[PDB]
Amino acid sequence: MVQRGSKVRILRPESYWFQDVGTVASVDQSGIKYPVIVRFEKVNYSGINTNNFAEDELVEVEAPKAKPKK
């Protein structure tokens, strides 16, 4: 469950942006191959910077955060 504008890594060895922390732009709830759309700053062999990945192919790699309670 990532958020619109979070930082998760890509687990798609086939994707040019594998092992990279892309940012989530939005999710498409309807029925496609990758509900979550991930943006990228780098490009691939062709020249793109916006692909689609599934929430299962994204890990949350955020830094430490303070939570409620002690």
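Before reading on, note that the structure itself is shown above.
Rules behind the numbers
- Residues numbered from 1 in each chain as written, not as in the entry; some residues may be left out.
- Heavy atoms only, no water.
- Helix = DSSP H or I, 4+ residues; strand = E, 2+ residues; numbered from the N terminus.
- Buried < 20%, exposed > 50% of the residue type's maximum accessible area, 1.4 Å probe, protein only.
- Pairing = 2+ DSSP bridges.
- Axes fitted to C-alpha atoms, helices over the stretch in contact; angles between N-to-C directions.
- Contact = heavy atoms within 4.5 Å.
- Polar contact = N/O pair within 3.5 Å; in protein donor to acceptor, adjacent residues only side chain to side chain.

Quick word on the overall build of the protein chain
Of regular secondary structure, the protein chain possesses zero helices and five strands. Listing each helix as α and each strand as β along the protein chain from the N terminus yields β-β-β-β-β. Over its C-alpha atoms, taken along the principal directions, the protein chain stretches across nearly 50 × 25 × 20 Å. Put simply, the protein chain has 70 residues, and 26% of those count as buried.

Some details on the sheet that holds strand β3 (residues 36-39)
Read across the sheet, five strands follow the order β4-β3-β2-β1-β5 without closing on themselves; strand pairing throughout is antiparallel. Every other strand in the sheet has two partners, leaving β4 (50-53) and β5 (58-60) as the edge strands with one partner each. Going across the sheet, the axis of each strand differs from the next one's by a mean of 50°, ignoring polarity. The sheet contact formed by β3 and β4 spans four bridges and is antiparallel. In the sheet register, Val-36 faces β4, and the bridge partner there is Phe-53.

Examining the environment of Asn-44
Along the chain, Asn-44 turns up in the loop between β3 and β4. Along the backbone, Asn-44 and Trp-17 are 27 residues apart, and their C-alpha atoms lie at a distance of 7.5 Å. Setting aside its immediate chain neighbours within four residues, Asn-44 contacts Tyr-16 and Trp-17. One polar contact links the side chain of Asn-44 to the main-chain amide nitrogen of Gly-47, over a distance of 2.6 Å. Within the local environment of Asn-44, its side chain forms a polar contact with the backbone nitrogen of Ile-48, the two atoms lying 3.0 Å apart.

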